[PDB]
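Quick notes on the structure that follows.
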Amino acid sequence: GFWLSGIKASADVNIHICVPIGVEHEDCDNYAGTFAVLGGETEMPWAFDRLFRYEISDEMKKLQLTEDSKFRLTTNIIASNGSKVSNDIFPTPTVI
Amino acid sequence: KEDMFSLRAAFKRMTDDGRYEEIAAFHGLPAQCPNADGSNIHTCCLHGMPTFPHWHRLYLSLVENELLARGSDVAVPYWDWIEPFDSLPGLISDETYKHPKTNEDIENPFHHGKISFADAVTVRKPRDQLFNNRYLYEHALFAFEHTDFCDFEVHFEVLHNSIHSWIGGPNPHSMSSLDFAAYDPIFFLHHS
Amino acid sequence: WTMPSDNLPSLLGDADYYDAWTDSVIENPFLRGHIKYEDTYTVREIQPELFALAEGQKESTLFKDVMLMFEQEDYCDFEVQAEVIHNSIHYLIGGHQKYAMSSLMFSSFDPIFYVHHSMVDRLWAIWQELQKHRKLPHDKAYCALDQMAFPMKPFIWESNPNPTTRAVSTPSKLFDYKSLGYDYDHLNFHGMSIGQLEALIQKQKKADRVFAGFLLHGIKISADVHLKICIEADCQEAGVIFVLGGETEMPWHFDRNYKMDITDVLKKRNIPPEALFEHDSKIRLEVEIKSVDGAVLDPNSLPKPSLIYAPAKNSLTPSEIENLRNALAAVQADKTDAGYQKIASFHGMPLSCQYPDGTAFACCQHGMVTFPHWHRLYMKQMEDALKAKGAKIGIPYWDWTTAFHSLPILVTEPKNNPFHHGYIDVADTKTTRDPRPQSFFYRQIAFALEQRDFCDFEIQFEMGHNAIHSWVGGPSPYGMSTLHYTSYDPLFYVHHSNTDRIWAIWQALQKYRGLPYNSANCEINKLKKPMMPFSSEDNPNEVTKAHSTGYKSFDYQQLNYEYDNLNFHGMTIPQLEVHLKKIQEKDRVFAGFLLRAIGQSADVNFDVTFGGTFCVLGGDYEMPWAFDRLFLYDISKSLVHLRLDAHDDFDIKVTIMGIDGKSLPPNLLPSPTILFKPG
Amino acid sequence: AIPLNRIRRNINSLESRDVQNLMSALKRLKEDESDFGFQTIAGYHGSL
């Protein structure tokens, strides 16, 4: 689940499955998905009153993972500028 | 090919006259929507709201209307990106097509739109993600799953954003930016 | 309290609240419990140090205390730390007051007591679970069993409100809290699971540490005891410890010393621990005891702390398909052992061996009677090669016998597939394949099964086989049609498993018929000749060399592999013989050719109507070979086609194409005999 | 699958209903003058 709102401009968010390594605390990424957010300067501000959903079921199956199994989900944000890997504009992806 | 060349000449006739630019200004970066008190001027198109489809449902209508009045053989077509493809459709992709009527090769009107108040033209930097993407299909299936309208709309609109991004990646005057995306003909072909 | 807190949580702290249900305002029940016979409410003079006990997350003194408590693997070890840490809070929330938490006698009258104890109980619970995780005793203790056995004094008595506390008065009964019937929210410390907790404990035991040991006892009043360490007889605060007590107390003495680590406290003064053993460098540790009365201070009646140096001591189910590609992917380059190209060469083009003149040979062992062993192995060599690379199941087989509209996936999927093709360092190219157009192979194989002599079987078994190396590859030199580079294409083994499987079925057949199956009487010559490369010294797999021989390799059991089922399609082995037996009724008519080596590989097309067809596998620099026996191909359908009776006499016309586009050169093979079998 | 009322929880996680229940109950308990009452059970510890 993704709580989206008006960024100053348009950008791509990519979705990764972080599987902690046994000993000890570790991370992270396996490519789950990607979706985009459109926008521009001087746009009318907005905030979705609900979560956007992205089905990661099959990628979780391909890692042998489960809803109960231990993992987390991290988005990596890339503006259309090419730059940059932008940081933490939306709340962290919820797991439904 | 006949329907194509009819669409091409209709839109070209529409573009030589200053019309489609004026229509793209409805959506585009020259802001006409100010106020209510503000005063701040905003781009007129609505993109955060659940009334996003409706708005764009109008826009396409408009262009197609004015297109058919220019003598087009057919209404504005939809190109279905849901079906994977190694290359962009012939209509928009190539910079020039052969004109059977004039027996010479002429610029494709659906290739690029000109943005004349900035002395610019639209370009397209196609991200490699765009091609052979089978993801969009399952995405659409989940869009259709939604019973409630607002859920439908949010998933539908994010999915709509996907191509906007992947078609015009890096250039500022492009499909990737909400500001200038309207000036590229592909816009309505996508939105239909 | 291990987590940083700016104030006591409101349930404990808030003075009054407004219930809306009545218009009345009501006092919070959780503060200032009334003491009946002392006619006074309890008090919390809160020492600021509480804050200071937890102002840094995971860097907090209380955190370290609790971690040191969890490190203990003995119940008493854990217990002492636990009770002292409990005392810390007991003191700190109600300090410097009679009728408060710091006073042992009257602390129970203050409701927060219970909340506090909930916490420490939880801590104990957590420890117990840790104990289960460390395989150490949890529901039991090897600590004082003189106390564990007796029932406890206030609860056991007949004058007890509830029967349940009378029931579980015994310490042994109360060891597991679940049997007592309650549970905690969650059992985790900070952001850590028990795996993480024990992991980090193991991390802390990996560092050299310095402890101060305190034997404590009942001093008939509560107190707070400060530790201070002075290198230069100038003293700066080292730590703090708290003890509960009252005028009416039960005289107590601890079994061992409470520990508190000075490691970081020492490291702040940049005093190296090895120098703690040095008498040249002098360090004095002094203790500043303080009563609850205040200061008072008391004369130092508690045994001085001791320094301790602790030295660190078809039918596939995904992902069944899924595992394999990666394995095939894995060996694509070992590439040292072969890694795969060496494993490829043996059937393939790069030269396997030498005549004694040392001339190039292709160490291919087809065309002979020992044909299966070499391959059946060859799968092994290949099969082993996916070794512990998740080579979780054997090379699959596809039963080409069963008629098929198209090729099988694994080797079709264009993208991200290891079975599509191979590469060839020797040619700079991946394989190219060119497929060419009741089931034909069924009829052809079944005959082979019909036979009982091994030799008789092989000729048909080899020829049925190579029919596919002919058709899978076609007209590319780099392909399955050629000897030279076939072995290179992943398709080749998989075809094999099957060929091998067919052989196995036969063995089962024989066995059913009591004929030899793991043996073979023709020809004794040749099974004994050892097989290269499997012979060669340079084969770094011990197994194949062991069975490099002919006669070994018959019992594939010691391989050791299994086929899922040796059943030809839809047939028990016993079922199968019935079938063949059933076929055998009708009299048949066969044609048999003599086939013999030729450098090229070619297909041969029959005629009388079409009678064809069959193919021969061969390449340049192959060992020459000639079959001992004829190769039989039933042509009865042809006669019916012409309505002939094996009586009317006929010309059997043939044709023989080369795999390359040309060119049907003439025999070469001599003349076909034509023979009749009843019936 | 342990009963709902018998789970001991982090004090910060309690919903207001939990709070009100706890408070009402504890007031009733302090007020209680029976052997089940607060005075006696608190008196098991400190006394004497």
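Residues in the structure tokens are numbered from 1 in each chain, the chains being A, B, ... in the order shown, and ligands are numbered from 1 in the order shown.
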Contact residues around segment 14-31 of chain B with only C-alpha atoms at 8 Å, ignoring same-chain residues under 4 positions, as a short mmCIF file (atom, residue, chain, number, x, y, z; two decimals) with C-alpha atoms, in the first residue's frame:
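part-v2.cif written:
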```
data_model
loop_
_atom_site.label_atom_id
_atom_site.label_comp_id
_atom_site.auth_asym_id
_atom_site.auth_seq_id
_atom_site.Cartn_x
_atom_site.Cartn_y
_atom_site.Cartn_z
CA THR A 42 2.37 25.04 -10.25
CA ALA B 10 -6.85 15.88 -40.51
CA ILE B 41 -2.22 30.32 -10.77
CA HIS B 42 -2.39 26.55 -11.31
CA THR B 43 -2.41 24.29 -14.37
CA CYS B 44 -6.08 23.64 -15.13
CA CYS B 45 -6.13 19.84 -15.46
CA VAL B 63 -9.88 17.04 -29.72
CA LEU B 67 -10.69 16.47 -35.48
CA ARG B 70 -11.45 18.72 -40.00
CA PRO B 109 1.95 15.16 -37.61
CA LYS B 114 5.29 22.26 -31.33
CA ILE B 115 5.07 24.47 -28.25
CA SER B 116 5.07 27.89 -29.86
CA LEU B 178 2.52 17.21 -16.47
CA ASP B 179 3.35 20.73 -17.63
CA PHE B 180 4.10 20.06 -21.31
CA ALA B 181 2.72 16.55 -21.93
CA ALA B 182 -0.45 17.92 -23.56
CA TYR B 183 1.47 19.30 -26.55
#
```
Would you mind writing down, as a ChimeraX atom specification, each residue of chain A that DSSP on the backbone assigns to helix (DSSP H, G or I)? /A:57-62
Name the residues in contact with segment 50-53 of chain B at a cut-off of 10 Å, using only C-alpha atoms, excluding same-chain residues fewer than 2 positions from it; report them as a PyMOL selection string. (chain A and resi 48-49) or (chain B and resi 45-48+55-59+149-154+156-157+160+191)
Each residue of chain A lying at most 9 Å from chain C should get a row with its shortest atom-to-atom pair and the distance in Å to one decimal, counting only C-alpha atoms; could you produce that, ordered by chain and increasing number, as JSON lines?
```
{"residue": "A:22", "atom": "CA", "partner": "C:195", "partner_atom": "CA", "distance": 8.8}
{"residue": "A:23", "atom": "CA", "partner": "C:199", "partner_atom": "CA", "distance": 7.2}
{"residue": "A:24", "atom": "CA", "partner": "C:199", "partner_atom": "CA", "distance": 6.8}
{"residue": "A:25", "atom": "CA", "partner": "C:196", "partner_atom": "CA", "distance": 7.5}
{"residue": "A:62", "atom": "CA", "partner": "C:319", "partner_atom": "CA", "distance": 8.5}
```
I'd like the contact shell of residue 10 of chain A - 6 Å cut-off, only C-alpha atoms, skipping same-chain residues fewer than 3 positions apart - returned as a list in words. residues 37, 38 and 39 of chain A
If we count only C-alpha atoms, what is near residue 239 of chain C at a cut-off of 7 Å, once residues fewer than 2 positions away on the same chain are taken out, given as a list in words? residues 226, 227, 228 and 237 of chain C
